[PDB]
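Residue numbers (our numbering), protein chains in the order written: chain A, 353 to 430; chain B, 353 to 430.
As structure tokens, this is what we get:
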């Protein structure tokens with residue numbers, strides 16, 4: 353269960369949205385961790401893990417550049 | 353790449369406070385990831401990255417069990 357990187361998120365996201373964005377994918381519900389900066393504000397980045405390595409590879413390829421609200425998100429890893 | 357987990361932080365913590373905890377080490381900026389469960393609630397846990405294995409090992413051993421707020425933080429990694 354590799355973890356993948358998720359960038360360029362709107363800063364209006366929620367945890368439900370991120371998980372929904374991965375609907376149909378073998379994602380781990382309590383694996384999301386949101387990155388913030390020194391000023392206490394989100395950076396639009398987060399880490400998300402899945403049940404397998406082929407499921408993380410499948411997400412990155414399949415959902416890269418796709419949108420969460422308005423922002424087209426960028427995926428990488430593992 | 354060399355990330356570590358942090359646990360036992362009060363549920364309400366700021367990044368500015370966390371960075372204070374890791375002063376003197378090369379914590380990759382913006383890498384501080386706050387974790388959430390499948391309910392989308394604060395876990396008191398985070399992930400943090402360093403540039404080398406050496407600095408993530410150096411942080412885990414020195415700072416392990418020090419406070420952030422009123423709790424003795426627990427480090428695990430790389």
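Note that CB positions come from ideal geometry on N, CA and C, so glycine has one too.
By the CB criterion at 8 Å, residue 407 of chain B and residue 377 of chain B fall inside the cutoff.
Under the three-state reduction of DSSP output, residue 405 of chain B falls in the helix class. Residue environment for residue 375 of chain B: exposed (fewer than 16 other C-beta atoms within 10 angstroms of its C-beta). Cβ neighbours of residue 363 of chain B within its own chain (closer than 7 Å, five residues either side excluded): 394 and 396.
Residue contact check for residue 377 of chain A against chain B: no CB pair falls below 8 Å.
DSSP, reduced to helix, strand and coil, places residue 380 of chain A outside both helices and strands of the structure shown, so it counts as coil. In the DSSP assignment, the residues bridged to residue 427 of chain A are A/358. Annotation for residue 386 of chain A: 394 and 398 place their beta carbon closer than 7 Å to its own, counting only its chain and skipping 5 residues before and after. With distances taken between CA atoms, residue 410 of chain B lies nearest to B/429 out of B/389, B/422 and B/429. A Cβ-Cβ distance of about 6 Å is found for the pair residue 400 of chain A and residue 356 of chain A, placing them in contact under the 8 Å criterion.
Not one beta carbon of chain A lies nearer than 8 Å to the beta carbon of residue 426 of chain B.
Around the Cβ of residue 367 of chain B, a 10 Å sphere holds 16 or more other Cβ atoms; the residue is buried.
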